[PDB]
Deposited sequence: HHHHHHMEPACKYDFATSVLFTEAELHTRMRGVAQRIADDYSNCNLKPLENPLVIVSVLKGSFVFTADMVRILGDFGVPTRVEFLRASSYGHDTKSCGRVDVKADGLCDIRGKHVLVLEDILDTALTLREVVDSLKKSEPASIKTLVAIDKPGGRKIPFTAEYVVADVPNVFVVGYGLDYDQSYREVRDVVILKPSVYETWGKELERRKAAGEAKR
């Protein structure tokens, strides 16, 4: 392992960006029917959890490459607007269930979710994201915005943190 604080690298930055491009093509296709436009009708990106800023920065740039204009809001007026909620990780689904339910009260045109890392085995309630960059098993990861006690967000890859790190802390 190229990092002394990690036991395994699960997804490199290159692997994540390749998958993000695949997802962006699907988003571009799915929203082509919506006549999105800068200013007049952007896709509203709602970025949720502090760590999602890395994913959000990379994803909105990729979506722009694919012709999907956005505006960004951070949770860390959508009435009649299309909303895409972005989260770096989906685990119990308790965060997204609450966010999506709250945003629904403002009656957006539609609401969908995009997550960088899904941990499908972590659910405490049923929840399926419309778009998932990558799946992880039930292990604790850091990097690509994900932290351990506010550190390691800047690791370019998604990695499994060594037990020694969090015992030596």
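- Coordinate coverage of the deposited sequence is interrupted at 1-10, 87-108, 202-216, where no C-alpha atom was modelled.
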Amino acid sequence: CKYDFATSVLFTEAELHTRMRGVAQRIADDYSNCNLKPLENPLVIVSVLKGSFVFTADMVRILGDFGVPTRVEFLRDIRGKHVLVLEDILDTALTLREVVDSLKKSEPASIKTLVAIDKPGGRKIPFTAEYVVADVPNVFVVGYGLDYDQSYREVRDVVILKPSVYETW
From here on, numbers count along this sequence of modelled residues.
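Only the largest set of C-alpha atoms that superpose within 1.5 Å between the two forms is called the rigid core.
- Superposition on the core shows that, in 9 other deposited structures of this protein, the C-alpha atoms drift more in one of 56-64 and 43-51; this is 43-51.
- Compared with the other entries of this protein, residue 73 is consistently built, present in every one of those that build its neighbours rather than absent from a third.
- For the segment pair 145-153 and 8-16, the entry gives 8-16 the higher mean B-factor, averaged over Cα atoms.
- Averaged over CA atoms, B-factors in the entry run higher in 77-85 than in the other of 77-85 and 91-99.
- Looking only at 61, 50, 105, 112, the residue with the top Cα B factor in the deposited structure is 105.
- Which of 70, 56, 32, 128 has the largest Cα B-factor in the deposited entry comes down to 32.
- Among the modelled residues of its chain, residue 118 has a C-alpha B-factor that falls in the lowest third according to the deposited record.
- Split the chain's modelled residues into thirds by C-alpha temperature factor. Residue 161 is in the highest one.
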